[PDB]
Structure formats: structure tokens, C-alpha cells
Amino acid sequence: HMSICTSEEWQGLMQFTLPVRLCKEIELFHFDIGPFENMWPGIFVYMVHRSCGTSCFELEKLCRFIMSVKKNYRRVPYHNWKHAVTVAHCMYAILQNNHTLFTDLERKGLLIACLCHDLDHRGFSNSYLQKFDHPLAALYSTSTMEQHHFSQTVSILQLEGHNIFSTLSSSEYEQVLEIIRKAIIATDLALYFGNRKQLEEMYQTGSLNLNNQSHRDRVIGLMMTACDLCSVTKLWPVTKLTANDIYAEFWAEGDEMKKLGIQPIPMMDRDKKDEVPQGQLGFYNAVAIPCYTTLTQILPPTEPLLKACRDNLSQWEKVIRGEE
Ligand SMILES: Cc1ccc2c(c1)nc(CCc1nc(C)c3ncccn13)n2-c1ccccc1
Ligand SMILES: [Mg+2]
Ligand SMILES: [Zn+2]
């Protein structure tokens, strides 16, 4: 049921050298992979190399894996190859800027987990899948897509020469799977509002504890949320576009619901192009600012993320108030 990569593709991944100019820009939180499609896979490699050592992974295995993952994203406007790497890139810049909070076991687990986080996304919501009445939602009742995404990740590693976590002991092995499992589960937005509520809480009562695992787990989940939406932390011209991608998905989900006589919720209704700016402002305030605000608080070096969200937010304000 899986999809691998022609020997051509992966071997040329090893040949790839990131051009000297993009080296300082890549370290920036607000860096935009967008202009560099040819490089996306090779950019993920370089970050692996720079994060966790030149060879935690045997090149060929990694490259095979990376390219096989590519081959398992669909060609939809938003939850596709570009987004997985964009998410990857933000985890990278997070991990780098928090150099000693995390373990090699986490940092490679997390970079992999973002790459895989939306594997084989079809371009439908959990809602749409459960609300009527898909085999994937027939299988996994809550967090429909995110479990599929992890099982997809799972089947990629279980392949011939793809198990880049092989050399690890079986204890360390099924442990990163546990990092990656929960990592991917966390990007179910539904679950995030609770997680943030709880973390909000812990930080106040001087109670949040990076030693405790299900505290670690929560801290990370928040990092996964924050990565996932980092669209909203890129320079405005990049944030305008990455939004256009997002609505072409939603509105394509709205259409499949109109085709049935059913009003889609307005975020997915193309008959509301002008309601969007307002809706975006709402999203920044109800979901985004909290996410980055609470991330900044727990991880101060990740402040530039909040700085940039804020910048976009007021850009979106300006669009509503009629100027820009
Ligand atoms: C008329 C309308 C109405 C609401 C809308 C909307 C358009 N649009 C959005 C949010 C759209 C959006 N932008 C990025 C970057 C996203 N990421 C993940 C999920 C949604 N995202 N809401 C919204 C606002 C507030 C909360 C949740 C969703
Ligand atoms: Mg997802
Ligand atoms: Zn995502």
C-alpha cells in the first residue's frame, strides 16, 4: 500500500550541495523555502546534517526515506510536499535556537515527525471524514487524519532500507516512534487548545517541568502546533500566498459539501472571499497568538516567531481597515 523512490531520485539527493548564500538565511525562523522547490528534499538533508551530526543517519537510507516520503504527499494546494518541509524547517530553527534543551533522540525524532506529519493528506478535515463517513474515519474514530499520517510514516520505515532508525537499540527505537507518534497526534488542532490551556496553567503555578515526560510531551506538542501554522510567521508577502494555498483546499472541501446541498462553514465557503481577512484576524487572536505567546514563554529563544505573527496580524488588520 506504500510508495517508494526510483534509484535515480535518491542517489542525486546525496549529490546535493546547499548553495553558499542560503546558509545564513536558512537559520532564520522567517526563512521561506518557497522559491527553492528543486532543493526542498536537499534542504531537509542539510538540516539533518546541521542539527544532529553529519551521520546519525546513513546517507543513502535517509535520502531513500526522504524521497519516499515526498512520493507519499498528494498534489493538493496546502497539505502537500511544500508544507511538510516548511513545518520541518521551523522545527529546525526551533531546535537550533534551543540547542541544549533537547536530546539527539528528540531532535531527529522531531525533524522526521514534521516531515511525515501530514503524510498522504487527501485535503479533507477530520470533520469531513467522520461527518460522512469515510473508511479512514471508519478505522480511526478521533484524530482521523493524524493517525493515518503516523501509520503512513510507520509503513515507510518498515520498508526495505528505509528504516533510518535501524542502528538504534530496540528500546531507543520504539521510543522515537513514541516521540513521532505523539508529535504527529499533536498537530490535530482540536487537541491543541487543551494542551495550550494546560501549559498556560503550568507556567503560572511554577509547576511546568521539563524532567517529567508528559510535560516534555506537552511542551513538544505545542512546538508541533507552532511549526504547523508557521505560515503565519513568514514575511508578509510569503504569508499572503501561503494563505491562498490554504483556502483553495478548504473551499475545495466546501464545494464537495455544497454539491450535496450542505452549507460548509464559512472558512471553507468560497462565497466568502471578503470575509477571509476578518477570519484570519480571528484565527491569529484565537489560535495563533496564544500558540506563539505560550511557546515564547516556555522557550524564550523562539520569540522571533511571536514577533513575526504579530507583524502579520496587524497586516491583516490593515486589510480589514482598508489599506496596504
Ligand atoms: C470566513 C472565515 C472564518 C473563520 C476562519 C477563516 C475564514 N479562516 C480561518 C483560519 C484560516 C487559516 N489560516 C491559516 C494560516 C490556518 N491554518 C490552519 C487552519 C486554518 N487556517 N478561520 C478561523 C478563524 C478563527 C478560528 C478558526 C478558524
Ligand atoms: Mg495535519
Ligand atoms: Zn500540517
# chains A, B, ... in the order shown; residues from 1 in each chain; ligands from 1

$ residues_around --residues "residue A:45" --least-positions-apart "6" --cutoff "12 Å" --atoms "only C-alpha atoms" --output "PyMOL selection string"
chain A and resi 10+12-18+39+51-67+85+88-89+92+108+111-112+115

$ residues_around --residues "residue A:302" --least-positions-apart "4" --cutoff "8 Å" --atoms "only C-alpha atoms" --output "list in words"
residues 94, 97, 295, 296 and 306 of chain A

$ closest_residue --among "A:262, A:2, A:87, A:164" --to "residue A:31" --atoms "only C-alpha atoms"
A:87

$ atom_distance --atom1 "atom CA of residue A:28" --atom2 "atom CA of residue A:70"
23.9 Å

$ residues_near_ligand --ligand "ligand 3" --cutoff "8 Å" --atoms "only C-alpha atoms and all ligand atoms" --output "MDAnalysis selection string"
chainID A and resid 79 83:84 87 117:118 187 228:229

$ closest_residue --among "A:80, A:231, A:207, A:167" --to "ligand 2" --atoms "only C-alpha atoms and all ligand atoms"
A:80

$ closest_residue --among "A:159, A:93, A:265, A:110" --to "residue A:4" --atoms "only C-alpha atoms"
A:159

$ residues_around --residues "residue A:313" --least-positions-apart "6" --cutoff "9 Å" --atoms "only C-alpha atoms" --output "ChimeraX atom specification"
/A:232,280-281,284-285,289

$ write_last_selection --atoms "N, CA and C atoms" --output "compact mmCIF listing (two decimals), in the first residue's frame"
# COMPACT_ATOMS: atom_id res chain seq x y z
N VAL A 232 2.08 31.67 9.31
CA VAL A 232 1.76 32.95 9.88
C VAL A 232 2.95 33.61 10.54
N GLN A 280 -9.12 35.51 9.29
CA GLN A 280 -7.71 35.46 9.59
C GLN A 280 -7.36 36.22 10.89
N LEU A 281 -7.93 37.40 11.08
CA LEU A 281 -7.65 38.14 12.29
C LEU A 281 -8.10 37.34 13.51
N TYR A 284 -5.70 34.53 14.26
CA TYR A 284 -4.48 34.98 14.91
C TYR A 284 -4.74 35.15 16.38
N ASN A 285 -5.90 35.70 16.71
CA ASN A 285 -6.16 36.00 18.10
C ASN A 285 -6.62 34.77 18.86
N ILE A 289 -1.74 33.64 18.21
CA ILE A 289 -1.02 34.46 19.19
C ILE A 289 -0.83 33.66 20.47

$ closest_atom_pairs --of "chain A" --to "ligand 2" --cutoff "10 Å" --atoms "only C-alpha atoms and all ligand atoms" --output "Markdown table"
| residue | atom | partner | partner_atom_place_in_ligand_line | distance |
| --- | --- | --- | --- | --- |
| A:79 | CA | ligand 2 | 1 (Mg) | 7.1 |
| A:83 | CA | ligand 2 | 1 (Mg) | 9.9 |
| A:84 | CA | ligand 2 | 1 (Mg) | 9.4 |
| A:114 | CA | ligand 2 | 1 (Mg) | 9.9 |
| A:116 | CA | ligand 2 | 1 (Mg) | 9.8 |
| A:117 | CA | ligand 2 | 1 (Mg) | 6.4 |
| A:118 | CA | ligand 2 | 1 (Mg) | 4.8 |
| A:119 | CA | ligand 2 | 1 (Mg) | 8.3 |
| A:120 | CA | ligand 2 | 1 (Mg) | 9.9 |
| A:121 | CA | ligand 2 | 1 (Mg) | 7.3 |
| A:123 | CA | ligand 2 | 1 (Mg) | 9.4 |
| A:124 | CA | ligand 2 | 1 (Mg) | 9.6 |
| A:125 | CA | ligand 2 | 1 (Mg) | 8.6 |
| A:126 | CA | ligand 2 | 1 (Mg) | 9.3 |
| A:143 | CA | ligand 2 | 1 (Mg) | 9.4 |
| A:144 | CA | ligand 2 | 1 (Mg) | 9.8 |
| A:145 | CA | ligand 2 | 1 (Mg) | 6.7 |
| A:146 | CA | ligand 2 | 1 (Mg) | 6.1 |
| A:147 | CA | ligand 2 | 1 (Mg) | 9.8 |
| A:149 | CA | ligand 2 | 1 (Mg) | 7.9 |
| A:184 | CA | ligand 2 | 1 (Mg) | 7.8 |
| A:185 | CA | ligand 2 | 1 (Mg) | 8.7 |
| A:186 | CA | ligand 2 | 1 (Mg) | 9.0 |
| A:187 | CA | ligand 2 | 1 (Mg) | 5.7 |
| A:188 | CA | ligand 2 | 1 (Mg) | 6.1 |
| A:189 | CA | ligand 2 | 1 (Mg) | 8.0 |
| A:225 | CA | ligand 2 | 1 (Mg) | 9.7 |
| A:228 | CA | ligand 2 | 1 (Mg) | 7.9 |

$ write_last_selection --atoms "C-alpha atoms" --output "compact mmCIF listing (two decimals), in the first residue's frame"
# COMPACT_ATOMS: atom_id res chain seq x y z
CA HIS A 79 -1.25 19.82 2.93
CA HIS A 83 4.06 22.24 3.74
CA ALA A 84 5.78 19.20 5.26
CA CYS A 114 7.34 17.11 10.90
CA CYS A 116 5.94 12.97 7.98
CA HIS A 117 3.30 14.90 9.96
CA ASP A 118 0.75 15.17 7.14
CA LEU A 119 1.57 12.05 5.13
CA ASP A 120 -0.91 11.25 2.34
CA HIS A 121 -3.22 14.07 3.33
CA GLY A 123 -7.20 17.56 1.54
CA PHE A 124 -10.09 16.84 3.87
CA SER A 125 -10.75 17.67 7.52
CA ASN A 126 -11.27 15.09 10.28
CA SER A 143 -7.78 12.36 15.20
CA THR A 144 -8.71 10.62 11.93
CA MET A 145 -6.01 12.04 9.65
CA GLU A 146 -3.21 12.25 12.15
CA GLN A 147 -3.31 8.51 12.93
CA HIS A 149 -0.28 10.13 8.92
CA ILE A 184 2.05 13.87 14.80
CA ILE A 185 -1.00 13.43 17.02
CA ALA A 186 -0.40 16.93 18.34
CA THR A 187 -0.98 18.65 15.02
CA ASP A 188 -4.62 17.70 15.33
CA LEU A 189 -5.59 21.28 16.10
CA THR A 225 1.42 23.13 16.66
CA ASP A 228 2.39 23.66 11.66

$ residues_near_ligand --ligand "ligand 1" --cutoff "9 Å" --atoms "only C-alpha atoms and all ligand atoms" --output "ChimeraX atom specification"
/A:189,228-232,239,242-243,246-247,250,265-270,272-288

$ atom_distance --atom1 "atom CA of residue A:50" --atom2 "atom CA of residue A:109"
14.7 Å

$ residues_around --residues "residue A:236" --least-positions-apart "4" --cutoff "9 Å" --atoms "only C-alpha atoms" --output "list in words"
residues 232, 240, 241, 308, 311, 312 and 315 of chain A

$ closest_residue --among "A:103, A:158, A:198, A:68" --to "residue A:294" --atoms "only C-alpha atoms"
A:198

$ closest_residue --among "A:176, A:223, A:248, A:105" --to "residue A:154" --atoms "only C-alpha atoms"
A:176

$ select_by_dssp --residues "stretch 27-266 of chain A" --states "alpha helix (DSSP H)" --output "PyMOL selection string"
chain A and resi 40-51+59-70+81-96+104-116+126-131+135-139+144-157+170-185+189-204+213-228+236-258

$ atom_distance --atom1 "atom CA of residue A:258" --atom2 "atom CA of residue A:129"
15.5 Å

$ closest_residue --among "A:298, A:76, A:5, A:252" --to "residue A:206" --atoms "only C-alpha atoms"
A:298
